[PDB]
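Everything below concerns the one structure shown next.
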Amino acid sequence: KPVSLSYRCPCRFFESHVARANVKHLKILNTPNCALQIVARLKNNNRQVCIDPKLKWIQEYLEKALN
Numbered sequence: 022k023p024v025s026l027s028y029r030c031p032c033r034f035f036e037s038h039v040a041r042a043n044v045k046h047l048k049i050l051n052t053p054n055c056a057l058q059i060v061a062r063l064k065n066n067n068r069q070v071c072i073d074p075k076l077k078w079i080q081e082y083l084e085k086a087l088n
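Under full-length UniProt numbering, think of the first position of the sequence shown as 22, with each following residue one higher.
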């Protein structure tokens, strides 16, 4: 419908600087054309952002959340 932005990955920019502290909630988007893009919602900013999978606090979360 558009051109190359819809079914593809929904995340574009990742806020690795984020930290579980200022993070309000966590969410994920199950896409086929892409992988599991973990989304989120920051507090200090009060907005939704894509968190990095290699984060220090998310590495523990993804560890228990995955397995």
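All C-beta atoms in this analysis are idealised placements derived from N, C-alpha and C, irrespective of residue type, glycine included.
field: Span of the alpha helix (DSSP H), counted from its first residue to its last, around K75
entry: By 1-based counting over the sequence shown, the position of residue 75 is 54. Element bounds for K75: n/a, residue is neither H nor E.
- request: Taking only the alpha-carbon atoms, compute the straight-line gap between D73 and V39 and give it to the nearest angstrom.
  value: Against the sequence shown, residue 73 aligns to sequence position 52. Against the sequence shown, residue 39 aligns to sequence position 18. Looking at the two C-alpha atoms, the distance is approximately 8 Å.
field: Separation of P31 from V60, as counted between CA atoms
entry: Position 39 of the sequence shown, counted from the first residue, corresponds to residue 60. Position 10 of the sequence shown, counted from the first residue, corresponds to residue 31. Rounded to the nearest angstrom, the two C-alpha atoms are 9 Å apart.
task: Compute the Euclidean distance between the alpha carbons of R68 and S25, then round it to the nearest angstrom.
output: Taking the first residue of the sequence shown as position 1, residue 68 is located at position 47. Taking the first residue of the sequence shown as position 1, residue 25 is located at position 4. Roughly 25 Å between the two C-alpha positions.
query: Would you call the CB atoms of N43 and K64 closer than 8 Å?
result: Here residue 43 refers to the residue found at position 22 when the sequence shown is read from its first residue. Here residue 64 refers to the residue found at position 43 when the sequence shown is read from its first residue. Yes.
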